[PDB]
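> Okay, structure incoming, though there's no sequence with it:
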Ligand SMILES: *[C@@H]1O[C@H](CO)[C@@H](O[C@@H]2O[C@H](CO)[C@@H](O[C@@H]3O[C@H](CO)[C@@H](O)[C@H](O[C@H]4O[C@H](CO)[C@@H](O)[C@H](O)[C@@H]4O)[C@@H]3O[C@@H]3OC[C@@H](O)[C@H](O)[C@H]3O)[C@H](O)[C@H]2NC(C)=O)[C@H](O[C@@H]2O[C@@H](C)[C@@H](O)[C@@H](O)[C@@H]2O)[C@H]1NC(C)=O
Ligand SMILES: *[C@@H]1O[C@H](CO)[C@@H](O[C@@H]2O[C@H](CO)[C@@H](O)[C@H](O)[C@H]2NC(C)=O)[C@H](O)[C@H]1NC(C)=O
Ligand SMILES: CC(=O)N[C@@H]1[C@@H](O)[C@H](O[C@@H]2O[C@H](CO)[C@H](O)[C@H](O)[C@H]2O)[C@@H](CO)O[C@H]1O
Ligand SMILES: CC(=O)N[C@@H]1[C@@H](O)[C@H](O[C@@H]2O[C@H](CO)[C@H](O)[C@H](O)[C@H]2O)[C@@H](CO)O[C@H]1O
Ligand SMILES: [Ca+2]
Ligand SMILES: [Ca+2]
Ligand SMILES: [Mn+2]
Ligand SMILES: [Mn+2]
Ligand code: NA
């Protein structure tokens, strides 16, 4: 078995287990701010930021045909403090090719380049999308499962609990090809679920980077916080 | 689309939208005690109780071949007051042929009559299993997805938060055939997930009853409470 795992119950500035990209900072109090917070505490528009675990992850091996099962968990808050215009754009857990740099922002969430469906992306993602783009369902926020496209293969509306912490569980079972995600708000007790078939052998490269990305919007004050308080991950590739 | 749904935020005695079977009772405080609680407040062993919603559910159609999607949610608690003997046996949400009566108790949970994998059972169930029988994985408690057999096709160990309230979400999406179940403990924030492919056409009759069942064990003090505080359900059959 090729097993890999990590776990941050909080973040600490400077620990090179994490590559920070774009606007992402780790505060002194241990919070990963994916998108820029101005000095008055308000979230800035036109901001993109990501973080990746600095170690590659073996997900499948094109010599044995085995596929790795895996699971990630994290806690985040999105606060939408502006009365106008509508908030944007969201945050996302993603798995893609290694050594990746941030892509386009706004509705592509720092992960995609366009609204194309394109096997060249080689990227799996679970999004928490706060702005309804032309390729989106009308309901926001929504969870979505993104396979080689910002146009999710499956979505699920959820109600924001503005500024509260949400717990996320994301799990892939290789044998059934099921990818599931759950969002829980302790503040309210609300529980949301989503699941779809995903053949990661046909999507992901053998090795992948895993990461979190956030983005705010393309006009002034179309913005929200994308703060992350903890992040764990476990992958296990059978022989 | 053919639609049915219900939602009990608490339970009220004498309401005949619910059928109580075996030991099941509704207290004056709105709690559904699936298995018997003695006058001294301790749970009684050798006890089996169930509740069924009193309207059948149209889950699929042989002529059109359409299959309903559905979701159920409930809050329960299991209190295990003794450490010797081991507590038993558990509770379960189940879907099966109409007009059914309690089957065997103990590790069969009031739903099955023995351990065989038999298509004549015509029963689908999500179990919360507290005692490790010969057909069970060694870890208890565990969530299990039971398709025509108390021998689960898929299990997920979880840690009991003894005596505290758990929140369950179970969802079936017809197009993917994914059956998913989530357990959340608000007291601790723990989250557990389980999912598997189920084709309910090969499993269930076209019309089913839905219900809840609990059972305590086969020797003195091998017992635990099986209390349920709320229960909702929704199904939608395309047309
Ligand atoms: C777990 O075991 C339980 C106990 O066995 C099952 O419940 C019993 O299920 C049987 C049906 O298989 C019920 O018996 C029938 O009762 C009806 C109504 O009176 C009779 O008409 C019927 O008899 C006819 O069919 C028989 C063959 O099935 C023929 O042999 C017979 O000639 C008739 O043509 C049958 O009655 C029995 O006939 C044989 C006699 O020797 C016997 O004495 C007589 O009872 C039975 O009433 C029922 N018991 C209870 C407490 O409910 C249970 O089955 C599930 O629920 C029942 C109601 C049905 O819906 C089953 O399809 C269903 O599986 C089973 N539970 C599970 C999940 O397997
Ligand atoms: C997404 O955008 C990036 C940047 O434009 C693309 O990456 C460049 O792609 C070409 C060919 O793949 C390379 O020559 C460049 O060196 C790449 N730049 C970097 C930083 O890697 C990427 O290919 C685009 N992907 C899609 C699907 O459009
Ligand atoms: C001033 C103005 O109307 N600008 C709009 C952009 O806002 C808009 O881009 C979108 O902006 C929203 C937030 O408002 C969000 O960030 C979307 O992801 C982003 O695409 C654009 C739409 O094509 O039109 C501009 O004129
Ligand atoms: C006295 C004694 O050991 N009796 C045992 C039964 O307890 C046992 O049944 C199992 O008991 C546990 C709880 O103790 C649980 O209820 C199981 O579901 C049940 O099957 C049985 C096992 O074959 O043997 C008796 O002798
Ligand atoms: Ca969007
Ligand atoms: Ca058992
Ligand atoms: Mn979206
Ligand atoms: Mn079991
Ligand atoms: Na309690």
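Yep, that arrived. Residues are numbered from 1 along each chain as shown, chains lettered A, B, ... in the order given. Ligands and ions are numbered 1, 2, ... in the order given.
> For residue A:224, give me its contacts.
A:43, A:78, A:79, A:80, A:81, A:87, A:88, A:130, A:216 (Cβ atoms under 8 Å, 6 or more residues apart in numbering or on different chains). Quick note: C-beta positions are derived from backbone N, CA and C, even for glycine.
> Please identify the member of those with the greatest number of neighbours.
Counting neighbours by other Cβ atoms under 10 Å in any protein chain shown, residue A:216 comes out on top of these with 29 neighbours.
> ok, that residue to residue B:201 distance?
If you measure residue A:216 against residue B:201 using Cβ to Cβ, to the nearest Å, the figure is 46 Å.
> Tell me which of the contacts of residue A:224 fall in strands.
Judged by DSSP state E, those include residue A:216 as members of strands.
> buried sites along stretch A:206-226?
Neighbour counts over stretch A:206-226 (16 or more other Cβ atoms under 10 Å in any protein chain shown) mark A:206, A:208-217, A:221-226 as buried.
> Does residue A:76 touch residue A:225 like I think?
No: using Cβ atoms under 8 Å, residue A:76 makes no contact with residue A:225, being 9.1 Å away.
> tell me the secondary structure for residue A:107?
helix (DSSP: H, G, I helix; E, B strand; the rest coil).
> correct me, but residue A:134 touches residue A:115?
Yes: contact criterion Cβ under 8 Å: residue A:134 and residue A:115 qualify, at 7.4 Å.
> neighbour count winner among these two?
Legend: neighbour count by other Cβ under 10 Å for residue A:134 and residue A:115, higher for residue A:115 (15 against 7).
> how about the more buried one, what does it touch?
Residue A:115 is in contact with A:108, A:133, A:134, A:135, A:149, A:150, A:151, counting by Cβ under 8 Å, 6+ apart.
> again, but for residue A:192
Contacts of residue A:192 (Cβ under 8 Å, 6+ apart): A:143, A:156, A:158, A:182, A:183, A:184.
> quick one: residue A:219 from ligand 5, how far?
Applying Cβ to the ion, to the nearest Å, the value for residue A:219 to ligand 5 is 14 Å.
> Correction: the previous question concerned residue A:28.
From residue A:28 to ligand 5 the distance is 32 Å (Cβ to the ion).
> Counting neighbours, what do you get for the residue in chain A positioned nearest to ligand 6?
Here chain A gets closest to ligand 6 at one residue, residue A:173, 22.4 Å apart by Cβ to the ion. Residue neighbour count, defined by other Cβ under 10 Å, stands at 19 for residue A:173.
> Make a markdown table from the contacts of residue A:224 and add distance to chain B to it.
Output for the contacts of residue A:224, formatted as a markdown table (distance: Cβ to the nearest Cβ, whole Å):
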| residue | distance to chain B |
| --- | --- |
| A:43 | 26 |
| A:78 | 19 |
| A:79 | 20 |
| A:80 | 24 |
| A:81 | 26 |
| A:87 | 26 |
| A:88 | 28 |
| A:130 | 22 |
| A:216 | 28 |
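> right, and out of the contacts of residue A:224, which lies closest to residue B:231?
residue A:78 (31.1 Å; Cβ to Cβ).
> Identify, from the contacts of residue A:115, the entry nearest to residue A:126.
residue A:150 (12.4 Å).
> rewinding a little: now do the same contact list for the residue nearest to the residue of chain A closest to ligand 6 when sequence neighbours are not counted.
Using Cβ to Cβ, 6 or more residues apart in numbering or on different chains and skipping the chain neighbours, the partner closest in space to residue A:173 is residue A:69 (5.4 Å). Residue A:69 makes contact with A:172, A:173, A:174, A:175, A:235, A:236, according to Cβ under 8 Å, 6+ apart.
> of the residues you listed, buried ones?
Counted by 16+ other Cβ under 10 Å, the contacts of residue A:69 give A:172, A:173, A:174, A:235 as buried.
> Let's have the residues you listed in TSV, adding distance to residue B:49 and secondary structure.
Written out in TSV, the entries for the buried ones among the contacts of residue A:69 read as follows (distance: Cβ to Cβ, whole Å; DSSP: H, G, I helix; E, B strand; the rest coil):
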residue	distance to residue B:49	secondary structure
A:172	38	strand
A:173	33	strand
A:174	39	coil
A:235	43	strand
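> correct me, but residue A:160 touches residue A:141?
Yes: when contacts are counted by Cβ under 8 Å, residue A:160 is listed as touching residue A:141 (5.3 Å).
> which residues do those two both contact?
Taking Cβ under 8 Å, 6+ apart as the criterion, residue A:160 and residue A:141 both touch A:78, A:130.
> More neighbours: the two, which one.
The residue with more neighbours, out of residue A:160 and residue A:141, is residue A:141; 23 against 18, by other Cβ under 10 Å.
> got the contact list for the more buried one?
A:78, A:90, A:128, A:129, A:130, A:157, A:158, A:159, A:160.
> Leaving out sequence neighbours, find the closest residue to it.
Per Cβ to Cβ, 6+ apart, closest to residue A:141 is residue A:130, 4.8 Å.
> Roughly how far does the closest residue in space to residue A:211 that isn't next to it in sequence sit from residue A:106?
Nearest in space to residue A:211, with sequence neighbours left out and distances taken as Cβ to Cβ, 6+ apart, is residue A:52 at 3.8 Å. Remark: distance between residue A:52 and residue A:106 (Cβ to Cβ) = 20 Å.
> swap in residue A:176?
With Cβ to Cβ as the criterion, residue A:176 and residue A:106 are 35 Å apart.
> Same drill for the two, tell me which one is more crowded.
Set side by side, residue A:176 and residue A:106 show more neighbours around residue A:106, with 20 against 16, by other Cβ under 10 Å.
> Thanks a lot, see you next time.
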